[PDB]
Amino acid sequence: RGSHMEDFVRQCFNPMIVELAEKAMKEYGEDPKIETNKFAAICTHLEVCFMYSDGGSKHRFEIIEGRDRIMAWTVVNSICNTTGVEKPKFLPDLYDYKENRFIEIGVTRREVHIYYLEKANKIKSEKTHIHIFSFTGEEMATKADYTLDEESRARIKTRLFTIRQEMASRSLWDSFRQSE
């Protein structure tokens, strides 16, 4: 069963983040033992979402990603019913209470252009904000409004490149890149 990538995920990411990624994957019919690359991807996505939510003020953000499906939909419903934003057709990652909008965080191994295009093609209601980070240090946000200040985003990018380096050191990076 076991594989180097799984052990690396378990040693590289926080135990709560690993448990959350595992729960989400099982809930969505995936297997972290076997789909180890997706395992790493959802751990990374979770960490990015958490760091981003940490980048604002105390009450700045409401974290949607990481919750189970029913509760996540419950909280976006409460947010829509108290603010007036439209219901996103698909579950986002965050809600900005200062900018009053949902945020879709993406982490990509390819050019941010392609991935942002996909995310803007699925999200029909253009109300929800979109913010892509890449594993090379590029980033791309909707209307060039990158929400957080420079230092928080740079912290995210540094960590992303650290993960990429740790993967390449174990010869795990080529497989990870040629999997998205």
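Just count from 1 along the sequence shown to find any residue number.
When 12-20 is weighed against 163-171, 163-171 comes out higher, by mean CA B-factor as recorded in the entry. Across the two stretches, 45-53 and 135-143, the PDB entry reports the greater mean Cα temperature factor for 135-143. Across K119, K38, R67, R155, the entry's maximum B-factor at the CA atom is seen for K119. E111: CA B factor lies in the highest third for its chain, per the PDB record. In the deposited entry, the Cα temperature factor of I130 places it in the middle third of its chain's modelled residues. Placement of the Cα temperature factor of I105 within the chain: lowest third of the modelled residues, per the deposited record. Ranked by C-alpha B-factor against the other modelled residues of its chain, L94 falls in the lowest third. Looking at the C-alpha B-factors along this chain, the one for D7 belongs to the lowest third.
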